[PDB]
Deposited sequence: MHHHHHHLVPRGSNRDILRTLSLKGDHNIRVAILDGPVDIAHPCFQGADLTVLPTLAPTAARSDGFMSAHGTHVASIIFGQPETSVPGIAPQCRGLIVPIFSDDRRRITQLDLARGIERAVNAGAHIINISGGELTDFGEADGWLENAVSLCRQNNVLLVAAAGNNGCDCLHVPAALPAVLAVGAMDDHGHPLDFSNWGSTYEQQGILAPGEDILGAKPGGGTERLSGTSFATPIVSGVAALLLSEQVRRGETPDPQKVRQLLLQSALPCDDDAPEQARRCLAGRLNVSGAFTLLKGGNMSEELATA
């Protein structure tokens, strides 16, 4: 119940401290940084939530999955453009990612995006790759991209008691394609060593990516072809009611696994 090395999860972000103790034993491949917001800038923390090893300072959700660390920057100090993100997504698709985790995003009018990014996200849809992205922390009837784009799984933040956090964005498109996941005081690794608990849709997002990876890993165990876009559908269909701030509902892992096996909740 800890993942499968045949299931590939990509982290698209800023720098990731792969020397952190929690990644000792993790199956992590770092794609090279190429020649010349969307970066959460919590790359180490985000990655640890999925791939942190059992018995280390950060136990991850899917420590047996194959991780791909994909830089979406050339220089970490420069604004990440939509083309920077698009190229990162394409690199992740080309590397065989099943799931692509984007803990960053930008606030928009109503989820519009320019051509490069729209096309990169459509490529995921066309190739059955699941993009999971942070809803944003503006606390309004608001949409981020890539979270609000077609076939993306948007992720909002709820507290320990299952209530939406006030900062988590709740624009209407999220009602069809967003779910709430734990996003208050989520444990993760600090670059340079140590750990910390942080709050935000950036941390809720990798929880969902990790759960999606576990669902795909169970498909493998069942002798079924991994199906990232069906997994998105199952996470949405199994989400529990809390009203607009609930999005499609609250992440429901047991319900998702029940639906995965064709059961009923």
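Mapping the modelled residues onto the deposited sequence reveals missing stretches at 1-22, 59-64, 271-277, 301-307.
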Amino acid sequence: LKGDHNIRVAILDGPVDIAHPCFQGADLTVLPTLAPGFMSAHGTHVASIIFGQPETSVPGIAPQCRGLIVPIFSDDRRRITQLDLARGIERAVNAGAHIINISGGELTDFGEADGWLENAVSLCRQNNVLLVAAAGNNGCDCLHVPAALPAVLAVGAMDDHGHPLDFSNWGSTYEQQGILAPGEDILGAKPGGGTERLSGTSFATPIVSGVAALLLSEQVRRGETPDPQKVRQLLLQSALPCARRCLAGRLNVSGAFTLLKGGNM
From here on, numbers count along this sequence of modelled residues.
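As the entry records it, the average C-alpha temperature factor is higher for 233-241, out of 233-241 and 40-48. Mean CA temperature factor is higher for 168-176 when stretches 168-176 and 182-190 are set side by side in the entry. Residues shown: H98, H144, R125, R78. Highest C-alpha temperature factor in the entry: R78. The entry lists C-alpha B-factors for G156, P150, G162, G105, and the highest of these is at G162.
Annotation for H5: CA B-factor lies in the middle third of the chain's modelled residues. Placement of the Cα temperature factor of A113 within the chain: highest third of the modelled residues, per the deposited record.
When all modelled residues of the chain are sorted by CA temperature factor, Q64 is found within the middle third. Sort the chain's modelled residues by C-alpha temperature factor and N94 lands in the highest third, per the entry. Remark: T195 belongs to the lowest third of its chain, ranked by C-alpha B-factor as recorded.
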